[PDB]
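Provided below as C-alpha cells are two forms of one protein chain, presented individually as structure 1 and structure 2.
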Structure 1
C-alpha cells in the first residue's frame, strides 16, 4: 500500500483552511491517478490527523501517523507554529514531511504572493488604527457618527478628530487639509471615515501622500471580526493563474461538485498531492531515502504550473525557461527615425 498522512487543523482557528487543504489533496490524488486512487498497482490510502492547530498535539499526531498507522509520507500542517514543532518528529521517524500550508526530511511548498498577502494582512491586524471622521453638520451626520463611534468603541482603534462641515460644502480643500494633519505621521493605519448623503473631492487631493486611505476602498480595515461590523464581508486577496490542464480540471470539477471555485488552499493540498504521487512514481518505491533522491531536483506539475524542488534547501520553486531580448536594434532604429 501507499500511506499518506495529512496533519491539519480540522478544528479550531484554521479549520476553514484545513478543509480546503484536504479537499485539494483528495482531488489532487484523484487527478494524478486518473481516478483509480492507485499508483503502480499500489493502493493509495490517506490518513488524516486533526491537530486542532496545537503544536503539542500536532507532534503526537505526526508521531502517531508514522509509528502507528505506518504512513510512508506526511503533509502538513495548517498552522505555521504547529508545523515548526513537527520538523524534528519527521527526522525522529526518518520519514518525509511536506509542509503545507503553514532538515533532509522536510520538503517545503514554495514562496508565493498569497502567503505574502496573508503576512501583510497579519501585520495589519497586529497594528494600530487611527480613524478620522467626516460628516455633515445636521442631525443625521451627527447621529451617524454617533453610532459609528459606538461601533468603533468595541474595536481598539483611536478616533483622532471629527470634522463636521455644512450640508453644502462642495469645496473640501480645508477639511481634507485638517484631516490629513490629524492623521499625518502616526502609525499604522490612518483612515478618513466619511458619512454622507466628498470621497471624490477628497481622493482628488491624493491622501496616499500621507498614507491615509478613505472609507471607500477595498479592505482598508484589518481582517478582524471587530471591524467587520461597521464593512461586512470577508477580506480576500485576489490573483490570477495562466490556464493549464490541471487548472481546468480543478476549477471545472471543483465548481461542479461544490458549486464554488477552488481556493488558494485547495490548490495547495492538490500540489502536495502531485509531489507525492510524482515522487513515489519516480522512485518506484516508498522508501524514504529513495524518495528524497527522486524529489531533489524533481519537476512536478501543479495547478499553478510546473514546480521544482531545489535540492540544496528542499524548496519548491516555480519552474522556468529563460528568455531575453536584444534591444539595440530597436533603439538604434528608433533614433535614426525621429530625425
Structure 2
C-alpha cells in the first residue's frame, strides 16, 4: 500500500553503487519502522527498476513506476544524466521524485521542477564544504581542475565560499579533461605558491582517472612548503589516499565519523550482515528512506500536493544527523565533514579522521532555481 519506487543503475557501470543505495534504502525503512515495514497501517513495498544508467531507459522505468506499478513516490537514480532526464517525468505524472544519489547541481537549479526533492548532496555542497574546511586566515590556495563544466563550476563554488573565510586564492589552473602528465601544470602551481608566507595548499577537484593527487605528490610539494588537498570519496577510492598522510579536505560521509544513534545502528548492523562498513551510497539510501517515512507520517497521506507541502522546510533524521529540505529549491541541507587522512597499513582505505563537523549553518549553499 505505501509503494516506493527505486530507480537505480543496477546493471552497467554504476552497479556497485546502485546495490549500496538499495541496501541503505531497505535498512533505513527497517530502522524507521522498527522492523515492521508498516507505517500508520500501510505496508511498505519497494519496487526496484534497473535503468542501466541509460537516460532513455531511466525515463521509461520511472514512467512505468508511476503509471503501471502505481508508485506513490520514487527515489533515483545512480547517474546524474539519467536523473536529469527523469525530472520531467515526475512533473508529467504529478508525482514526487527524491533524487538520490545523483549530485548534478542542475537538478535543483536550472532543470528543477516542483516535484523534485533531493537527499543526495549536490556538487556545490562538495566544493563549498571543502572551502569552508580548509579556508582560514593565513592560508593561500591554488586550484587545479579539469577544463569542463564540472571542474569550472566546482571551482566557482569553492572560490565564492572561500572569499568569506580569510584565505586567499592565488591562481586557478584548468587543464584538458584527459590530462595524465601534470609536470607543467604542477610547476605552475608550485611557482604560484612557493614564495607566499603562511600555509600554502593546492586544492584539486577531479572526476575520473588521471590520478592528479599521486602525480603531484610524486613531485614533492613539501619541498616548497605546499600541502595538497582534495575532497573525500568512497572507500575503494580512498586506497589511493594512503599515499597522502595528513591530507585534509571535506567529505559527504565516512562511516566512523558521525556519532548519532542512527549511524551507530547502521554501522554495527551493516558490519554484522555484510562484514564491511557502509559507504556513501548506503548512507544516502538510508537518508532517502527516512525522508519518505517522515514525509508520509507528517502528511498523513500520499497525495502529491500534501507531500510537497509537508516536505518543504521539513527536517528529518539520517545517519548524518539532521537534514532539512530547503523550501526554495527542495535540496537537503546537511552536515559535511572536515577530515584529516590517517594511514593505517592494515586498512584498505585511508582512514578519514574527524577535524570538524561542518553544520548546516556553516555553509551558504546558493539557490539557483529562479528562472
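Here the rigid core means the biggest group of C-alpha atoms that line up within 1.5 Å when the two forms are laid on top of each other. Residue numbers count along the first chain shown, from 1.
- The one residue among 90, 71, 129, 250 whose Cα position changes by 2 Å or more between structures 1 and 2, with the core held fixed by superposition, is 129.
- When the rigid core is held fixed, the Cα atom of residue 269 travels less than 2 angstroms between structures 1 and 2.
- Put the two forms on the same core and the Cα of residue 241 is off by 2 Å or more between structures 1 and 2.
- Core-superposed comparison between structures 1 and 2: the C-alpha position of residue 224 differs by no less than 2 Å.
- Core-aligned Cα shift between structures 1 and 2 at residue 116: this is 3.5 Å.
- Superposed on the core, the two forms differ at residue 178, whose C-alpha moves 15.2 Å between structures 1 and 2.
- The two forms, fitted on their core, place the C-alpha of residue 209 7.2 Å apart, compared between structures 1 and 2.
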